[PDB]
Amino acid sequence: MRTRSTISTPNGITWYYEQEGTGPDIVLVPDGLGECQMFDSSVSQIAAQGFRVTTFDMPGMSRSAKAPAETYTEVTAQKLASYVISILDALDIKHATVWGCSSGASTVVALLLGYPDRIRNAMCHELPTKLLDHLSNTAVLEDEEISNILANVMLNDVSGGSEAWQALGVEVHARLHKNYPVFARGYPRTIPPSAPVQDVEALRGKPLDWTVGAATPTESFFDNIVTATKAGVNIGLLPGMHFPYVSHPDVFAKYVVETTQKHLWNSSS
């Protein structure tokens, strides 16, 4: 029942995308590694509740590698939001619920603020707002060293579930191996300063649901909790750390379905 295909947008990107289901649109935006096979189990569980679920590899990453250099260098939340609107236009998705973690969280908040007509509600997880010099400094290393460093960081530090991370399988980890240097060179120096959470008053009253990983060290996304609270935005926890859709796919799917259902009820009111 899963469609697995490609589509070309006039910004030069040939996207790899997947779709499953019929009903209101839910769109799952990857984190900065840009790999949508991380959503495989959750896509089926969400679509089974009466939704059309779309996800895709991000430009320059995995199976969406046929893209111009400006789509995967000096990457900002605003650039990524423009690229997601281009694929939603191409797939004739006029109204969508959106999920994103990390650079995907920055993307979905930029989509909600920038394209309010198009976005029913946004779920953002672990949105990066601070530069991390130790991450930024990987960008000048050789490709094989970047891949070794970041593969180990994902497995041992931020997966929230090493057994689930390994169980993504050989083909996914071979794609991620090639993405690590693209991500290192294009994301960490430019994504955090582009975070669309400068203006707390712009967030107030918006259909935004924000999460942090329960096991994530407090310091990592402390600022997300403060910002959401100041803006009166719903803020809570998912199990695990930076990849709840990998570590806890059934909890993740249930969260996405229940949050979408809450906004469908409120919108009809």
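Residue indices: 1-based, along the sequence shown.
The mean C-alpha temperature factor is higher for 199-207 when 199-207 and 213-221 are set side by side. Mean CA temperature factor is higher for 126-134 when stretches 70-78 and 126-134 are set side by side in the entry. When the C-alpha B-factors of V98, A105, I146, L88 are ranked from the entry, the top spot goes to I146. In this structure the maximum Cα B-factor among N121, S194, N152, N179 is found at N152. For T14, the recorded CA temperature factor ranks within the middle third of the chain's modelled residues. Residue-level temperature factors show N266 in the highest third of its chain, judged at the C-alpha atom. In this PDB entry, the Cα temperature factor of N234 sits in the middle third of its chain's modelled residues. Per the PDB record, residue ranking by Cα B-factor puts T227 in the lowest third of the chain.
Sort the modelled residues of the chain by CA B factor and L141 lands in the highest third.
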